[PDB]
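Student: structure for this input, please:
(one chain, ligands or ions: 4)
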Amino acid sequence: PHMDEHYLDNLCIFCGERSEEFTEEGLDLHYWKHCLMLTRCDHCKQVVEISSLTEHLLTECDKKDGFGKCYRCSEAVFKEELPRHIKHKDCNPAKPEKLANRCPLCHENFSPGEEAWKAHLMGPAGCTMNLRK
Ligand SMILES: [Zn+2]
Ligand SMILES: [Zn+2]
Ligand SMILES: [Zn+2]
Ligand SMILES: [Zn+2]
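Tutor: Numbering: from 1, shown residues only. Ligands and ions are numbered 1, 2, ... in the order given. Structure data below:
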């Protein structure tokens, strides 16, 4: 069946919301301040997907050379604190990406997939560490 010619318009592809105010730059303001699926990186001040934040910090951020990956929790840690982080063994261990999503804000492992990401970050009684919520 025919896809609407303007289906990709007035839509935030990250949280799914549609709105007349979501013009091309109504969307830029949406990402910068409001979208529950995104965050501003405190280190480089860019907007990033929360579900991509660890990968951002380790491989993309302007400040990526200041982070290393904890092989226990899979999260980015400041390079200087990583030995102590590793020694303290207090982080929540990670699971295979096919088995679980991992929230970098609250450190929970949960049901994999995009629908789960949305329910965790935007749903009721979901993520307690999402500062836009
Ligand atoms: Zn959004
Ligand atoms: Zn960054
Ligand atoms: Zn760790
Ligand atoms: Zn969370």
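Student: which residues of this structure lie near ligand 4?
Tutor: Residues of the chain lying near ligand 4 by C-beta under 5 Å from the ion: 103, 105, 106, 127. (C-beta placed from N, C-alpha, C; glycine too.)
Student: quick check: longest helix of the chain.
Tutor: helix 114-122 (DSSP state H).
Student: extract the C-alpha set from that one and format it as PDB.
Tutor: In PDB, the C-alpha atoms belonging to helix 114-122 read as follows (Å, rounded to 0.1, in the frame of the first residue of the first chain):
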ATOM      1  CA  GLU A 114      13.500  -0.100  20.100                       C
ATOM      2  CA  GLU A 115      10.000  -0.500  21.700                       C
ATOM      3  CA  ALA A 116      11.700  -1.300  25.000                       C
ATOM      4  CA  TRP A 117      14.000   1.800  24.700                       C
ATOM      5  CA  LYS A 118      11.000   4.000  24.300                       C
ATOM      6  CA  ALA A 119       9.000   2.400  27.100                       C
ATOM      7  CA  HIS A 120      12.100   2.700  29.500                       C
ATOM      8  CA  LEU A 121      12.900   6.300  28.600                       C
ATOM      9  CA  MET A 122       9.400   7.800  28.100                       C
END
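Student: how far off centre is that helix?
Tutor: 10 Å (C-alpha atoms, centre = their mean, to the nearest Å).
Student: list the buried residues for that helix?
Tutor: The neighbour-count check on helix 114-122 (16 or more other C-beta atoms under 10 Å) flags 116, 117, 118, 120, 121, 122 as buried.
Student: is ligand 1 within reach of that helix?
Tutor: No. Remark: helix 114-122 sits outside contact range of ligand 1, by C-beta under 5 Å from the ion, the gap being at least 9.0 Å.
Student: give me the contacts around that helix.
Tutor: 15-16, 36-37, 50-51, 101, 103, 108, 110, 126-127, 130, 133 (C-beta atoms under 8 Å, 6 or more residues apart in numbering).
Student: need the max-distance pair from those residues.
Tutor: 16 and 108 (21.7 Å; C-beta to C-beta).
Student: so between those two, which is more surrounded?
Tutor: residue 108 (16 against 12; other C-beta atoms under 10 Å).
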